[PDB]
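The structure appears below as structure tokens.
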Amino acid sequence: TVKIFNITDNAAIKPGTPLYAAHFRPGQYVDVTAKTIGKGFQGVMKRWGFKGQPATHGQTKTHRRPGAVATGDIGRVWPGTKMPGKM
Amino acid sequence: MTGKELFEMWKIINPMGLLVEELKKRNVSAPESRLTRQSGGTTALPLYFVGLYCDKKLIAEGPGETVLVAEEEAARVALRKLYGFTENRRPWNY
Amino acid sequence: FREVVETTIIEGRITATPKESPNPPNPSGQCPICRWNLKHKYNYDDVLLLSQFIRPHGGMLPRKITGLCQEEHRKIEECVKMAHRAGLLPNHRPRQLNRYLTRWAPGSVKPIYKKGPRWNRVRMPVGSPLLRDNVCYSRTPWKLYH
Amino acid sequence: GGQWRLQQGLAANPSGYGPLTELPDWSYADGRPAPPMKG
Amino acid sequence: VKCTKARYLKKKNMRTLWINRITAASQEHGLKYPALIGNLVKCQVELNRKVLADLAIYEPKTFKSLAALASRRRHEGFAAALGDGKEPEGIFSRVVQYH
Amino acid sequence: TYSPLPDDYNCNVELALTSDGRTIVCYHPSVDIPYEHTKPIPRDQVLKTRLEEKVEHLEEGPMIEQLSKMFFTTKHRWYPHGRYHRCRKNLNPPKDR
Amino acid sequence: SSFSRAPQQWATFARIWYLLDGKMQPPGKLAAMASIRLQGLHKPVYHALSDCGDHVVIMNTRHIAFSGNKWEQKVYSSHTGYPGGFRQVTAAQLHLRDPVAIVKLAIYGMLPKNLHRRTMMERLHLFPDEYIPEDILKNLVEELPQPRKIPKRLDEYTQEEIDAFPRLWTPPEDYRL
Amino acid sequence: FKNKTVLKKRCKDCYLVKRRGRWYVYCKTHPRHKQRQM
Amino acid sequence: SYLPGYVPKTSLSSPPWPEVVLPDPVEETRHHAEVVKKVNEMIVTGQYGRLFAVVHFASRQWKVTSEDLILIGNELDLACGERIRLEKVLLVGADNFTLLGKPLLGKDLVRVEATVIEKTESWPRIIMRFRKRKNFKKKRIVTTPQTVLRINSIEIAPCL
Ligand SMILES: [Mg+2]
Ligand SMILES: [Mg+2]
Ligand SMILES: [Mg+2]
Ligand SMILES: [Zn+2]
Ligand SMILES: [Zn+2]
């Protein structure tokens, strides 16, 4: 992996140079960026934490589904609606 | 031969050469090429209007996409004007 | 004019005063505007006339001293406000968005978030209804609302 | 220019009773007058 | 049905194109289209919009002649309006009479 | 000293009326571009001067953005067309003058 | 003109690069003449299928002027189509973000609403300041005249103009001013 | 302040000022007399 | 001394358009005479070529030149191959001069000669009426007769 770091002009270091872990010191604060653990295609309960439907009390094949996705006046679903997908 | 032009009927190669020979044999100075008008130039679709001058007097002007083809078209215009076969010339009397 | 200085010692002196140009074209007029035949022939651009009728610090002189009638005085006042907002008086200052024909003070108008239907449209005012009566020189009158 | 033409008496339409609309369109090349137009 | 009604639309659109091109050429000469048209009609020159656009494209010097003529007629009309009396009618504001 | 239009861009329009006043005569010789208004025309030791043939093949995206930037057009002109339209096109169009 | 057919066509349908200045101009007057020149409606050879638009280069778009209180009243609305995407920014805020946005939007609204519009937009070139790239500067022909007339601030008046304008009124000789 | 369509001066010390495009009744001695134009 | 009516230079004191003074009529008339004489000598010498004319014909205006074709949309009671004189000449022009009628040029000044060379029919034009839900459908097919003329000559004579 190559990553691009934004620096000012006084922090220029020659290309081809080695960097080690003592570039950082104890007792400080850092930000760590990484690609998270992929979960595949997940539904709304695991992806978004939706409450879902109860198990018993007459329920037909609906325990883990999104309910209404929008209102009836709009004949569409709003962009950014939380749906199953890649997590 | 009604609706055709001179260099569609009679193909020539060096209109600048023919023009300088005609001007030399009728005793006027050699024509100078100058860039009269110019649009674009750094684009892929320029326009160059190149004029041919003799003793600081305009004898021709011609358009083109490059300076060289504009100069060639101006030479053709000058040849048509000298030879009398111009587009607004008198039509044939039938 | 008259000046006062402080140095405690305060005193005022009378300095040189400009005079009216000798032969007005309409000597029977009442206001200076009516006298010099400018009744509907000036705008906010005419900073020569407005500078004749303002104070050294951008404010305005009153009617009993300018000799102006009330319509003309209110028209000069609006022209002077519009000229100040257009920046046409750089030296008559107190104590970047470019403008002209500015009726209201720029910090007092709220943005028109909801324009109306085109029978009830909220228009933006331009110019001055007091300068509505100026000479048109055109077959279309002044548009006071845009 | 209809109101101007009316002020000059020259109809309002240029295709009304002028020489432009009533003179013959053509004639024979030797000079014989054409048969009259149907309009 | 579209063919039959498009005959009317064809005539209307061609007049619109002629007015557009006359507007363009007149504005190149500094005039406006109402100025050109009205003052040509006042000069008794009865060229229509079709041949006026055709002259705008293929005979620019003839169109500049027409534009200068219309501009001069406009100036004569303005001068007559300011004069308001019985000053002479103007060279190009004379009207040929037919009986 | 009066001119209805400036006489320095196309032709020198001079208007006239005949003595009977029935015809208008326009005299308009062209205006020639002056010399002073023009501008002059702009102007390995051991091996052969080898001709520099490089043609970097570009993908559809970079090629279309290069063409569109060069001609000041959008990408939609450069995207292809299908066989229906390709066979609908008239390849022997009528030609006048 | 006794040209050949291909050079005659090239001369007739060649593109021109017009130059337009900002600096105290109303965006809509700039936009009206820019839309005319971008469509090609200034040519008598105009047709909507003739593709006869030209290039318009507007500079000093940071120094435009709005008449009235349009800087504080006129609102530009957009909607990022997410629930809550509705943004309404004043002309002042839009100008302080993007100094070409106001002129660009005025020209965009005045161009015809067809599939040629974004082509004309890509032949439109806008620059906020006096700086123009060198290729464009070698491309330009005909700086078009400015629609507004620059009302000439008081300190710019010559002393000849100042003393030629008559003094209208006599001030009293005892007033403080 | 209280919103009024008709602004009335309830004292001799009330004064009318047009600020930020609206009329206001201000009273430095009786602050309950403060009025804002609608 | 300011004249009575003197308004000082403000923005609205004077009209925005520049002041225009027209030429004095007698000098202008002599100028018209000299311009017409110059154009007449140009016609006499023959310093022209390739005239065009705007000609009124069959309710329409045609901008014709020599060796031209025009398609008139009605029958013209003339046999094919027949020379006629077009007469209602609104304009005749050339390079360096044009002549304009008010509204028509005199026939002693310009002569347009054309020739009927074809008498034919137009391609079939479909006239269809249809109104929906009211059973309104009619079809008609017409062919308009037509005449193709060739403009032979445009001749001007010294008469100005
Ligand atoms: Mg549960
Ligand atoms: Mg069941
Ligand atoms: Mg179950
Ligand atoms: Zn007064
Ligand atoms: Zn109170």
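Here, A, B, ... name the chains of the structure tokens in the order displayed, residue numbers run from 1 inside each chain, and ligands are numbered from 1 in the same displayed order.
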
Hey, which residues come within 10 Å of ligand 5 if we count only C-alpha atoms and all ligand atoms? Could you give them as a PyMOL selection string? chain H and resi 8-15+25-35

Let me have all residues with an atom within 7 Å of ligand 3, counting only C-alpha atoms and all ligand atoms, laid out as a ChimeraX atom specification. /A:59-61

Compile the contact shell of stretch 142-144 of chain C as number ranges by chain: residues with an atom at most 7 Å away, counting only C-alpha atoms, same-chain residues fewer than 4 positions apart removed. C: 125-128, 132

Taking only C-alpha atoms and all ligand atoms into account, which residues are within 10 Å of ligand 4, as an MDAnalysis selection string? chainID C and resid 29:35 37:39 67:73

As number ranges by chain, could you give me every residue of chain G near chain I (at most 10 Å apart, counting only C-alpha atoms)? G: 151, 161, 164-166

All strand (DSSP E) residues (DSSP, backbone) inside chain C, as number ranges by chain: C: 2-6, 10-14, 98-100

May I have the residues within 9 Å of ligand 1, computed using only C-alpha atoms and all ligand atoms, as a list in words?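 Written in the requested form, the residues are residues 51, 52, 53, 54, 55, 63 and 64 of chain A.
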
With N, CA and C atoms kept, could you save the residues just selected as a PDB file, in the first residue's frame?
```
ATOM      1  N   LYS A  51     -34.908  -2.917  14.432  1.00  0.00           N
ATOM      2  CA  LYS A  51     -35.475  -3.736  15.488  1.00  0.00           C
ATOM      3  C   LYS A  51     -36.118  -5.008  14.970  1.00  0.00           C
ATOM      4  N   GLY A  52     -36.639  -5.002  13.759  1.00  0.00           N
ATOM      5  CA  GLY A  52     -37.249  -6.193  13.220  1.00  0.00           C
ATOM      6  C   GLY A  52     -38.601  -6.489  13.843  1.00  0.00           C
ATOM      7  N   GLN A  53     -39.115  -7.655  13.503  1.00  0.00           N
ATOM      8  CA  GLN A  53     -40.461  -8.073  13.853  1.00  0.00           C
ATOM      9  C   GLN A  53     -40.381  -9.174  14.894  1.00  0.00           C
ATOM     10  N   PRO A  54     -41.425  -9.353  15.698  1.00  0.00           N
ATOM     11  CA  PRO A  54     -41.387 -10.398  16.724  1.00  0.00           C
ATOM     12  C   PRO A  54     -41.423 -11.803  16.139  1.00  0.00           C
ATOM     13  N   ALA A  55     -41.073 -12.775  16.977  1.00  0.00           N
ATOM     14  CA  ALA A  55     -40.931 -14.150  16.519  1.00  0.00           C
ATOM     15  C   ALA A  55     -42.280 -14.848  16.409  1.00  0.00           C
ATOM     16  N   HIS A  63     -39.557 -11.541  10.029  1.00  0.00           N
ATOM     17  CA  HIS A  63     -38.985 -11.433  11.364  1.00  0.00           C
ATOM     18  C   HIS A  63     -37.762 -10.544  11.355  1.00  0.00           C
ATOM     19  N   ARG A  64     -37.229 -10.306  10.173  1.00  0.00           N
ATOM     20  CA  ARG A  64     -35.889  -9.775  10.003  1.00  0.00           C
ATOM     21  C   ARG A  64     -35.858  -8.805   8.823  1.00  0.00           C
TER      22      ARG A  64
END
```

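Interface residues of chain A facing chain G, defined by any atom at most 9 Å away and using only C-alpha atoms, are residues 78, 79, 80 and 81 of chain A.
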
Export of prior selection with N, CA and C atoms as a PDB file, in the first residue's frame:
```
ATOM      1  N   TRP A  78     -36.618   7.452  -1.088  1.00  0.00           N
ATOM      2  CA  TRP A  78     -35.632   8.517  -0.997  1.00  0.00           C
ATOM      3  C   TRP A  78     -34.222   7.952  -1.140  1.00  0.00           C
ATOM      4  N   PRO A  79     -33.327   8.679  -1.802  1.00  0.00           N
ATOM      5  CA  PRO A  79     -31.920   8.280  -1.819  1.00  0.00           C
ATOM      6  C   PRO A  79     -31.332   8.242  -0.420  1.00  0.00           C
ATOM      7  N   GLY A  80     -30.473   7.264  -0.182  1.00  0.00           N
ATOM      8  CA  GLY A  80     -29.908   7.098   1.134  1.00  0.00           C
ATOM      9  C   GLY A  80     -30.759   6.305   2.090  1.00  0.00           C
ATOM     10  N   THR A  81     -31.826   5.680   1.609  1.00  0.00           N
ATOM     11  CA  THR A  81     -32.649   4.834   2.456  1.00  0.00           C
ATOM     12  C   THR A  81     -31.862   3.614   2.892  1.00  0.00           C
TER      13      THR A  81
END
```

At most 9 Å to chain I: residues in chain C, only C-alpha atoms, as an mmCIF file with N, CA, C and O atoms, in the first residue's frame:
```
data_model
loop_
_atom_site.group_PDB
_atom_site.id
_atom_site.type_symbol
_atom_site.label_atom_id
_atom_site.label_comp_id
_atom_site.auth_asym_id
_atom_site.auth_seq_id
_atom_site.Cartn_x
_atom_site.Cartn_y
_atom_site.Cartn_z
ATOM 1 N N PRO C 22 -23.628 83.060 -11.442
ATOM 2 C CA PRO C 22 -24.275 84.387 -11.469
ATOM 3 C C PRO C 22 -25.648 84.469 -12.121
ATOM 4 O O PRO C 22 -26.532 85.146 -11.590
ATOM 5 N N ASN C 23 -25.858 83.802 -13.251
ATOM 6 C CA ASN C 23 -27.102 83.953 -14.007
ATOM 7 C C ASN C 23 -27.831 82.625 -14.122
ATOM 8 O O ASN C 23 -27.549 81.839 -15.044
ATOM 9 N N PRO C 24 -28.765 82.325 -13.218
ATOM 10 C CA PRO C 24 -29.573 81.120 -13.381
ATOM 11 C C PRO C 24 -30.481 81.247 -14.586
ATOM 12 O O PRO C 24 -30.938 82.353 -14.924
ATOM 13 N N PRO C 25 -30.770 80.142 -15.280
ATOM 14 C CA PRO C 25 -31.633 80.227 -16.463
ATOM 15 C C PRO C 25 -33.090 80.474 -16.134
ATOM 16 O O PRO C 25 -33.828 80.956 -17.003
ATOM 17 N N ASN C 26 -33.525 80.165 -14.918
ATOM 18 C CA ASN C 26 -34.905 80.372 -14.487
ATOM 19 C C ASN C 26 -34.854 81.147 -13.180
ATOM 20 O O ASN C 26 -34.932 80.558 -12.095
ATOM 21 N N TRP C 36 -32.435 76.102 -11.514
ATOM 22 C CA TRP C 36 -31.456 75.660 -12.491
ATOM 23 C C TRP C 36 -31.999 74.595 -13.432
ATOM 24 O O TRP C 36 -31.212 73.968 -14.149
ATOM 25 N N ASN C 37 -33.314 74.367 -13.416
ATOM 26 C CA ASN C 37 -34.021 73.555 -14.410
ATOM 27 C C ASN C 37 -33.546 72.106 -14.376
ATOM 28 O O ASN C 37 -33.142 71.525 -15.383
ATOM 29 N N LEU C 38 -33.608 71.526 -13.185
ATOM 30 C CA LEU C 38 -33.160 70.161 -12.952
ATOM 31 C C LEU C 38 -34.264 69.346 -12.302
ATOM 32 O O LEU C 38 -33.981 68.417 -11.547
ATOM 33 N N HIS C 40 -36.582 67.110 -13.048
ATOM 34 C CA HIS C 40 -36.601 65.657 -13.182
ATOM 35 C C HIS C 40 -35.391 65.139 -13.943
ATOM 36 O O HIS C 40 -35.479 64.095 -14.590
ATOM 37 N N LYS C 41 -34.265 65.844 -13.883
ATOM 38 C CA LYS C 41 -33.130 65.513 -14.729
ATOM 39 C C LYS C 41 -31.873 65.198 -13.934
ATOM 40 O O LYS C 41 -30.779 65.622 -14.314
ATOM 41 N N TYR C 42 -32.005 64.462 -12.837
ATOM 42 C CA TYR C 42 -30.830 63.988 -12.125
ATOM 43 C C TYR C 42 -31.121 62.630 -11.513
ATOM 44 O O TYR C 42 -32.269 62.316 -11.198
ATOM 45 N N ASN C 43 -30.066 61.837 -11.337
ATOM 46 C CA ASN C 43 -30.172 60.500 -10.773
ATOM 47 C C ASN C 43 -29.213 60.352 -9.604
ATOM 48 O O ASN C 43 -28.634 61.339 -9.144
ATOM 49 N N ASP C 45 -26.401 59.049 -9.898
ATOM 50 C CA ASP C 45 -25.065 59.209 -10.459
ATOM 51 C C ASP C 45 -24.519 60.614 -10.295
ATOM 52 O O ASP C 45 -23.300 60.798 -10.331
ATOM 53 N N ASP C 46 -25.387 61.610 -10.129
ATOM 54 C CA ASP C 46 -25.000 63.014 -10.265
ATOM 55 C C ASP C 46 -24.387 63.511 -8.958
ATOM 56 O O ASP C 46 -24.918 64.367 -8.240
ATOM 57 N N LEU C 48 -21.849 65.321 -8.438
ATOM 58 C CA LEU C 48 -21.546 66.744 -8.360
ATOM 59 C C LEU C 48 -22.626 67.523 -7.622
ATOM 60 O O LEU C 48 -22.325 68.196 -6.627
ATOM 61 N N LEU C 49 -23.878 67.378 -8.038
ATOM 62 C CA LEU C 49 -25.037 67.969 -7.388
ATOM 63 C C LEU C 49 -25.239 67.452 -5.971
ATOM 64 O O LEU C 49 -25.482 68.234 -5.032
ATOM 65 N N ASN C 134 -38.643 60.735 -13.099
ATOM 66 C CA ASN C 134 -37.565 61.303 -13.892
ATOM 67 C C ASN C 134 -37.872 61.186 -15.379
ATOM 68 O O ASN C 134 -38.811 60.503 -15.789
ATOM 69 N N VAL C 135 -37.065 61.870 -16.190
ATOM 70 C CA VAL C 135 -37.243 61.822 -17.633
ATOM 71 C C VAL C 135 -36.855 60.444 -18.145
ATOM 72 O O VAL C 135 -35.764 59.940 -17.857
ATOM 73 N N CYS C 136 -37.752 59.831 -18.920
ATOM 74 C CA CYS C 136 -37.588 58.440 -19.331
ATOM 75 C C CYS C 136 -36.569 58.283 -20.455
ATOM 76 O O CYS C 136 -35.683 57.426 -20.374
ATOM 77 N N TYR C 137 -36.702 59.089 -21.518
ATOM 78 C CA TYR C 137 -35.893 58.990 -22.742
ATOM 79 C C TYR C 137 -35.993 57.605 -23.374
ATOM 80 O O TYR C 137 -35.067 57.140 -24.039
#
```
